[PDB]
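Only one chain is given next, in structure tokens, and it is the form deposited in one PDB entry.
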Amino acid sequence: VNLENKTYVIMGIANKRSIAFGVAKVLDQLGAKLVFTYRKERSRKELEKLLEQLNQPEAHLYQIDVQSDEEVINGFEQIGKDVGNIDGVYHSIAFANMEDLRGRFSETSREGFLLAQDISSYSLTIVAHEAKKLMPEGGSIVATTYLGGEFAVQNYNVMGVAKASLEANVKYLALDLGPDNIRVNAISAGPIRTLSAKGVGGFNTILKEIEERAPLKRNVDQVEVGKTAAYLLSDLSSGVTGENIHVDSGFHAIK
């Protein structure tokens, strides 16, 4: 609902299509001060262009590669100095090598399996640890997952095992951080046409199947994830932790 005098860190905007930019537009439109973290330079320039469409009167941008403890630790330390205590973190970060996102899961390399774990699951653990320091009176942390973490979805392969790892991460952090009044939840988004979606074998087939087979008979967009992000990030969800909310036209519920 209304989020004036709230402050949220959004990680993982790459471009206009990022799920995280959908989150950002909804939080922005609701009055939140926003901070953004990015990995690569291109995502920075992009963010600077995208910020023109938002009502943020100023550009809070931090480079953080979640493969580096130092960058996560220092980035959050700096956010603390620049902006003060924050009210939550939206985590929208995942990665796996393309060669792993097709053909045969049983052929996945150790290096690729461990990389997807590092970036797509462990990153939440360390982000939660550092972000907690900026949440002395509690807060909310939301990560993004896909139904592939709950069932085996053809092609999603190593990323489905990373997402399953992430969803359990979310539950273990909810149990750990709960006494500190920090809630930790996931949004299981339906398929959405993003930069990262280009890397997944058979994406287009899945989008069509949703339209044919999901209860709502349509696909979801980034703003729909954003609205559910706003619920999860706000006092509207005050009793909810350890949860996975599927923003997916009801596909999760059918077989």
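We call the rigid core whatever largest set of C-alpha positions still superposes within 1.5 Å between the two forms. Residues that one form lacks are left out of the comparison. Heads up: residue numbers just count along the shown sequence, starting at 1.
Only in words, not in the display: the form deposited in another entry, which the text now covers.
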query: Large Cα shift (2 Å or above) at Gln29 between the shown form and the other one, core-fitted; finding: no
query: Per-residue C-alpha change between the shown form and the other one, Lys49, threshold 2 Å, rigid core fit; finding: no
query: Core-superposed C-alpha of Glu70 shifting 2 Å or more between the shown form and the other one; finding: no
query: Cα-Cα shift for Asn219 and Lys16, closer or farther in the other entry, minimum 3 Å; finding: closer
query: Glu243 and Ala214, C-alpha gap in the other entry relative to this structure (3 Å or more); finding: farther
query: Large-shift segments between the shown form and the other one, meaning 3+ residue runs whose Cα move 2 Å or more when the rigid core is superposed; finding: 41 to 43, 155 to 158, 204 to 220
